[PDB]
Structure formats: C-alpha cells, structure tokens
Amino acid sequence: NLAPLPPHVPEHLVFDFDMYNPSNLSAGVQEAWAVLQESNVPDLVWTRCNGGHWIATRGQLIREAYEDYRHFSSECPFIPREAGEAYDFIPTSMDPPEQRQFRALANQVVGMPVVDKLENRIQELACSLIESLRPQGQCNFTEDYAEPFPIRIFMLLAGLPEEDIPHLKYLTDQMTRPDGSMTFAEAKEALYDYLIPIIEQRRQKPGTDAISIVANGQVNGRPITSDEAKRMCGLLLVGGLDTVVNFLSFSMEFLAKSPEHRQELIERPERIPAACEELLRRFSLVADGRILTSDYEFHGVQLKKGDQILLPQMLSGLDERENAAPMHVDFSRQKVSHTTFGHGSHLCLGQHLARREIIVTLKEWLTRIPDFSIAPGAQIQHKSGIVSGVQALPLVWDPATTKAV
C-alpha cells in the first residue's frame, strides 16, 4: 500500500522501497537494501511505503544528515511515524544540546572502563554457552547462543537477578519483534512497568550497578528524574540485544558458508579484531532516521518540515563510493569505512562492549568448534526493518573435530 505522493516530492525521485519487506529479501537482506545503490537510483529518494518517507542511499548523505541535528531531528527517529512518535527512550529520542549530558551519563555505565571490568564475565559466558553446545554437533546458533548472550551480559551490568531473564526477554521481544497484537506504545509501557519499581528501589537504596548509577545521576545542572532514568534504562536494556544477536548471526552464517574465511581466522587468530571490523561493515544491520525540523534544501532536493528521512546506517559501508568491491568480504581490507554504529552526536555508546562481545565470541567459537556448516538443505531466512536480522541459523559439526575447553 502506497501513501499519496506529497505535492512537493517530484516523480523522478520516487522509488517504492519497503524497509520491512524489501523485494530481494530471500537473496540476503544487505543485498536487498543495496538495490538502492544501483546506478539509476538517486542519492536521495522518496518511497511511498510505510507512510511515505525519504531515504538517503549513499554514505556521504547519510553521514551529513546524521551530523546536522538542527535540521534532522531524533524526536521521531523511526518509520512508521506512529512508532517514531511514541518512542521516548533517552538519549535516542533527544537532540543536542539537551542530549549531550544524558549521553555522558549513559557513557558511565556502558563505555570503555566498564568494558574491561566485564571482560571476564563475557569470556566466561561465551565459554559456558559454547561448551554446552559443543558435543551436540548441532545448534540453532541464533536461539542457542546469540539470544542468551547479550541479555545475560546486561543483567550483570544492571545488577538484575538471573531469574528475571525469561520475563525480561519476553518483554523486550514483545517490543522489538512485534507481531501486531500490541501497539508500539503498549509494548513500551509493559517494559516500563518492569523498570519503574526497580528505579524506585534503587533511588532509595542505591548500589553500584548501572541502574543505580543512572537513576541517581546528575544531568544538565540537576538530578535526573525517575521518568528520565526509566527512559534511559529502557534504551540501555534494548540497545545491546537485537543488534548483537542479529549481527552475530549474520557473522556466523557467513563463516559457516565460507570455509576459507574460517580457516583464515583459525590459522591467523590475531586477524580476528580486523575481521570483526570488516564483518561490521559487510553485515551492517541498523536503519533508523530523523524528522525534518523545518523546510530545507538538501543536495538539491526540497525537504518539508515534518518529512521523515530514513538514514540507513547499513548503507554507508556497502556504498561502492566508500569501499571498493563492497559485497566482497576481505579481512585484509585497508580502509574499512562504515557507519554500522551510527554517526554524529548519537554514535553508539555500546560500540566497545559490542566489539568485545563479537571478538570474544569469534575467538572462543573458532577454537572450540573450528569446523561447522549450515545444516544441509536449510535455507537461511533474513528479516528486514529497523534492526535487520536472521530468523534461525541451524549449524552442524562433527563433535570429533571439536576441542573440549
């Protein structure tokens, strides 16, 4: 279903891309989005799908719009508009200058120094998960490794009890994998209902966990409100889940399908940090955006106040103008350019945690289970949206080729 073309949008810019069900999906989600980068497609296009919105298709424009928060606001950062409007997480629904100090506070609980303290739990968790699967000679990687992993790391950061995991997973899945039974707003409130009491408790009796630190923080000259803390904690919980789960799945799918790339990292483990970066570029997966604060001419195109613009983080590193031969995976690639973690004032705060999660996973998997394949006759299904992903990833291996610890 195609929204009526707004009068200000010229015919020549119309390309009806559907970000939730793109045409070429069965052939790979990144490939399906890359159709926007074929030579007959303008740098900035309008789709009439999903309510109607702009799409910047090239890294240059994606980066530029992410820098220009004055014109391109995060107040409504998702398509469809109804989701974007309901969304009130902090700092992702806020613009500078206000956003700056909330971002500083979030950085205390997920930034660099915290990463080093977590490293042992990250490595322990990775090992225990992998050892549980290793002698079975099969798993659904997405379900059996990827899903349990980041939620467990978050519980440790946030000092939440282990027994809360299935309920919290239920709540977060309800929000980020909607089936249409709840509005976005309803799902968000259900999540908030879990967080509200905990915030109340930790403002009275704080600990040193992430929730206590956020909930008792100072921002922009005063103490954080209970409401603001709730909106921050919502993001800190969800930000690291689907992104990491789906990114690990894209990476493991590629490695199962490429024995030569596996063998490379097996023979040359020092290359894993570089491989992580090239995989972040090739299997980039996020696509959010902004709303126009005013009428604005951007690269020769008239944009109208309140227009939504999708600025897909995924596309920058797939752009052949940024990386030559963009679909080819090359662990030796020289200037790996991407915006996988975003760009501008909202550049992912979790990027350092995410890289450790990725690198630890790859290192520990390849040393215990070096040889593995997609289950024969399985066709891997991708999903597309704000966080694109893998529906299931059935892998098999001969346990005789594996290394117990």
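Residue numbers here begin at 1 and follow the sequence given.
- Higher mean CA B-factor, judged across 155-163 and 296-304 from the recorded values: 155-163.
- Annotation for 82-90 versus 108-116: the higher mean temperature factor (C-alpha) is found in 108-116.
- Comparing the listed residues 175, 139, 256, 309, the entry records the largest Cα B-factor for 175.
- Looking only at 71, 321, 230, 282, the residue with the top Cα B factor in the deposited structure is 321.
- In this PDB entry, residue 19 carries a Cα temperature factor that places it within the lowest third of its chain's modelled residues.
- Looking at the C-alpha B-factors along this chain, the one for residue 226 belongs to the middle third.
- Ranked by C-alpha B-factor against the other modelled residues of its chain, residue 37 falls in the middle third.
- Residue-level temperature factors show residue 350 in the lowest third of its chain, judged at the C-alpha atom.
- When all modelled residues of the chain are sorted by CA temperature factor, residue 25 is found within the highest third.
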